[PDB]
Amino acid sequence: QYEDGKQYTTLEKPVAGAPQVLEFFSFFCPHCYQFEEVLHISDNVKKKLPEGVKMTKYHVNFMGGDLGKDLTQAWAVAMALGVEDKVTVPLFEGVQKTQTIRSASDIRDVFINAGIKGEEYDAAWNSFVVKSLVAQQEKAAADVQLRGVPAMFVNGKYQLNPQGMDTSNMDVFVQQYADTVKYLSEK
């Protein structure tokens, strides 16, 4: 019922030490926007996972021109301050809905409006921790030879394949997605 090539793919040369469940997204990615706002893929996947399992989510550089790099660093700041849940929706909307995010200054305005003090954003932005998080996200994408988003990898061996699942019903799709990750995490 869970055959290889249908719900998932397998990496030709796995990545040792990868997180158990790794999501790659871009704030420019049309389907990543749905995955956040309409499907809630991350929340629904976490719900089907054993309670002692961490999920990791990384931003990618290769969409959005120069802004893709700035958003990857801003996402690193978000991870460093632990404010992902305060900035995810206004970044998605500013980039894709209203298209009001066109510079690094615009990203910063989102964080300030979300309650992060301007000076603390800047200090995080220029910190060694954020430098290292940026490196981590880029290495993770290179390690799996990531070509596009959204993507989810399980134990650095298995790559989810949403296009082999049933996509005519949003809620059936999300259930098949979350159930496929639980299966794969059990491998």
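C-alpha atoms forming the largest set that superposes within 1.5 Å between two forms make up the rigid core. Start at 1 and count along the sequence shown; that's the residue number.
Stretch 50-58 is the one, of 139-147 and 50-58, whose CA positions lie farther from the shown form in 5 other deposited structures of this protein once all structures are superposed by the rigid core.
Greater C-alpha displacement in 5 other deposited structures of this protein (rigid core superposition, RMS over structures and residues), of 175-183 versus 160-168: 160-168. As listed in the deposited structure, the average C-alpha B-factor of 153-161 and of 26-34 is greater for 153-161. When the C-alpha B-factors of 176-184 and 1-9 are averaged, 1-9 comes out higher. Residue set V144, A124, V134, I41: peak C-alpha B-factor at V144 (per PDB entry). Remark: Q20 belongs to the highest third of its chain, ranked by C-alpha B-factor as recorded. Ranked against the other modelled residues of its chain, the C-alpha B-factor of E119 as given in the entry falls in the middle third. Sort the chain's modelled residues by C-alpha temperature factor and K57 lands in the middle third, per the entry.
Among all modelled residues in this chain, the alpha-carbon of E51 has a temperature factor (C-alpha) in the highest third. For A140, the recorded CA temperature factor ranks within the highest third of the chain's modelled residues.
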